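In the C-alpha cells that follow, a single protein chain appears in two forms: structure 1, then structure 2.
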Structure 1
C-alpha cells in the first residue's frame, strides 16, 4: 500500500530548485514513515518543462515543476510575476508570506485549479541581472543598443526594447556560441544559472538590475491530489511548505556563491546607484501598460501590496 508519486522537473543536479525537491522527497518520507515515496525525475529526464507540466495537467504524471514564465504555456495570469520591477529583493519576505498564507496564495490556488493543478511549492528561482561579454555596463544608458539574448517571453523582449536594447530571441542551446562568437553582446539571467551553465567564461560585466523575478512552480495533478486521503494531502502540503523554507534560504546561499565565482573569475559586478535603478524602473514601466489587457488588475494589486 506504499504510494509512489512521480515528480518531474527540468533542473540540473545540485541546482537550487533540485535541492528543494530533494528536501521535499526527504520530508514526505519522514512524515509518512516511508509509506509515501516521491520519485524524482529531474534534469528533464521525463521531458522539457512544458512536456512534464502537460503530463501533470493531464494526469499521466502526478507532479511537475514549471518556471513561472513557462506557466504561460498553460494560463496567462502567471504573467503578473514577470512584470519589470513589480517586486524587488528588499520586500522578499513579505512576498513569500503573501504567497504562503495570504490572499495572493489563495488566488493562485484558484487559478491553478482552473487548469487542473494543485500548487505544492512556489520554489524560489530568483532575480535576473544583465551581463555582457565585452561592453562595460554600469548605468541604464550603458544598456542602450546592447544586443541581448532573450527567451521567447514577450515581456522579456518588451523590457529589453524599453531599455533601448536590441533583443534577439535565441534558444538556450545556441546562447553560449552566440556570446562567444559576438552575435549578441550579453544576456540577462541569474548569476547561479549563468555560472552553472559556465557562461562565466565568456562574460566580463554584470549589473544588479534585478529586472525580472521568477519562481519554479511545483504542481500536483488536482484530480490525483483530491483522490488522496486527507492525511496524505497534509503530508504533501506540509512537506512542500517546510521544504520551501529551506529552498528559499539555500537559493540565497547559492546565489552568493555564484556572485563570488563571478568576482573570482574577473567579472566586474556593478551595484547600481539609486539614480540608475530608478531609470531602469521608469524606462520599463510602460511594459505594464503594454500587457495590461492580458494581466488581471486584482493580481497586480495583490503582488504590489507586498512591496509597500
Structure 2
C-alpha cells in the first residue's frame, strides 16, 4: 500500500531542527519511491514538546520530536545532557562520534527503548544563551532576580535557582506570550530558535552563556516501528542518519545568520570573559550533586569522556 507516518514537533519554520525533518521527509520518499510518506506537523501544529511526545508514546502519533530537556518528562536519564557545562562547543565532533558510532549512543537507544520509543534522529539543536527583554545582562550576578522561562527539565529549574533566578516552566508554544505580557523577564535558548520564532521582537540583551546543551530527539512509537516491514524500518533509520549529517552541516550557518539578525535588530550580545564564564560554571556546578541519584554515573562518564 502507501504508508503515511505523522511526525509532530515544536520547532519554527527555517530552524535547523525543522529543516532536518524536511530532509528526513524527502529522503524517506526517495528511498521508498513514494510508498512511505512523512507528514510534518512542525511549529507546534499539534502542541508543544510534551503533549506531542506523549502522543507518540501512546501511539496516537507515529513520531514526535522533543528537545532533550523536555524529554525529562519521560525519563530522568536524558538529564545527563542538561547538566550545566557538562559539554561545550569546542568538543562537539567527539560528542557526535560517541552518539553515532559508540557506547554513548547505545545507552541513549536503550533509554528510549525502556520508555517505548525508537530513536530515529538525535538532531542537533544547540547551546542555550540567556536573553532578557528589559534588564541589561553582562555577568553572572546580573542574572539574579530575573524571572526566567525554563523547559520542563528539573536541571534547568535547578540551574536557574542556583543563579538566583526565579524559574518558570512554560511550554514552548506559550513562551512568546509570557515574554510579551511580562510574566517572565527572559529565557535561555539558541539564537536561531529565538529569531526563527520571532522572540527577537521583544528581546534586548543576551550573554553567550552556553549553560545548557540540547538535542532534538526524533522518536517513533516503538510498537508502530516494530509493526513495519524490515525494509521500511531500514529506510527510516537510514534516512534518519543521512538527514542528521545534513542537519548538523547547516546548523552553524543558520546560527551565524541568527546572531547577525540579533545584531541588526539592536540586541546587545555580551561575550563573557574566561573568568566570568568560570564563575557561571562553578555557580551551577552544585546542581550536579543534586541529581546524582537520578542520572546513572556511567552515563555521566560517557558524556564527560567526549570532552577530554
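Whichever C-alpha set is largest while still superposing within 1.5 Å between the two forms counts as the rigid core. Residue numbers count along the first chain shown, from 1.
Asks: Quick check for you: superpose on the rigid core, then look between structures 1 and 2 for a C-alpha move of 2 Å or more. Which of 235, 111, 158, 104 is it?
Replies: After core superposition, the single residue displaced by 2 Å or more is 158.
Asks: Can we say the CA of residue 282 moves by at least 2 Å between structures 1 and 2 when the core is superposed?
Replies: After core superposition, the C-alpha of residue 282 moves 2 Å or more between structures 1 and 2.
Asks: For a quick test of reading the superposition: does residue 172 move by 2 Å or more at the CA between structures 1 and 2, rigid core aligned?
Replies: It does shift by 2 Å or more.
Asks: Please determine whether the C-alpha atom of residue 197 is displaced by 2 Å or more between structures 1 and 2 following superposition on the rigid core.
Replies: Superposed on the core, residue 197 moves its C-alpha 2 Å or more between structures 1 and 2.
Asks: Once the rigid core is superposed, tell me how far the Cα of residue 183 moves between structures 1 and 2, in Å to one decimal.
Replies: Between its two positions, the C-alpha of residue 183 lies 8.6 Å apart after core fitting.
Asks: Look at the Cα of residue 210 between structures 1 and 2 with the rigid core superposed and state its shift in Å.
Replies: Between its two positions, the C-alpha of residue 210 lies 1.8 Å apart after core fitting.
Asks: Quick one: how many Å does the C-alpha of residue 40 shift between structures 1 and 2 once the rigid core is superposed?
Replies: Here the C-alpha difference is 0.3 Å.
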